[PDB]
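As structure tokens, one chain now follows by itself in the form deposited in one PDB entry.
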């Protein structure tokens, strides 16, 4: 009946419990959802813990190398990390065959360099588990134990478990949402937007967070609180999580801190000097993935651009600042006008008639695509804000960027169709970009290569 910690966790409050990976814990109350009351069997300490940091003892989820429901693409990003020795692996659920699993392994070819090999694990009618029919096992852990000693047909002996980063807890702590202004300490100014500032800081003197401040008069706290309730329910690995808020003016917005900064700045400079097409297309794919979730949830971003995409380790990109723009009470901004309104990323029907939809976000994604292929160069280079809308209304569209493949420029043009409903979906954009360089995420090795 005991559980086991999958990761190390540091206590953030007076009532939660710290633990180290591998510690055995007794859930002495699970009547909650994301935060459970636990008791450490080794230390005797009690306290709340994030439910996504533990797994039932002896379960397959308890296995260090079992990544469960991770896609083939996501598993590849993790395995291809430069630090990973050859033979680094993970096991996950197969996407094409229900009930089946998959062993993904990192390999190096002197005529292909670093690469990932995928092997589908089928479970017979009897009960055996196998990659090759000439070798079956009664369990996934038995299989893994075998190939850790002998490659036996695999690209390399299983050597190291794929490392990963601690998952985000849902909320800063149990029941924390509308928090006291004094629970935060601002430490490093990260930037100054148009309606406030952003700082790297600390919550409760223990947790690293990002804090955005809104100048009084920007938007009504009441409307803000209603909208924050909606955004709070949006959870996806390619969306920056909203942690907590201080609803009274000056309004505070606490989200997860992205150390690598914005995509725009990462695009310009030295960080993006040797950035090649395959990298830029993968970042675009991640962005389309988060926006497809937004699409599935029937939500609307309203301010999509490279400045609003954040970067993390493993070239991870996350969609930020969604929903807020709609609350701005600024008179000029409300009329899609002013030096504060991002007209260069706005679809004509949104600017002209205020018709903001997932389709106008698709138009914005097309513009973002140009920043990604021009090292962050500003859209419509020779045009001033005040003349952009009239030009685009008459049919003007940016030409193919220098060095950008025409095929990608064609995608942008689809996103910029005059008819919003003729514009592609984010589901489509994600699939197109993920499979851009011949790779619809298929192909599994056969079995015995020698």
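Residue numbers count along the first chain shown, from 1. Whichever C-alpha set is largest while still superposing within 1.5 Å between the two forms counts as the rigid core.
One more form of this protein should be noted, the form deposited in another entry, which is absent from this view; the next part is about it.
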Task: Core-superposed comparison between this form and the one not shown, residue 221 Cα displacement 2 Å or beyond - done: no
Open item on the list: Checking residue 379 here: with the core superposed, does its CA move 2 Å or more between this form and the one not shown?
Closed with: no
Open item on the list: So that I can tell if residue 406 moves, could you say whether its C-alpha shifts by at least 2 Å between this form and the one not shown after the core superposition?
Closed with: no
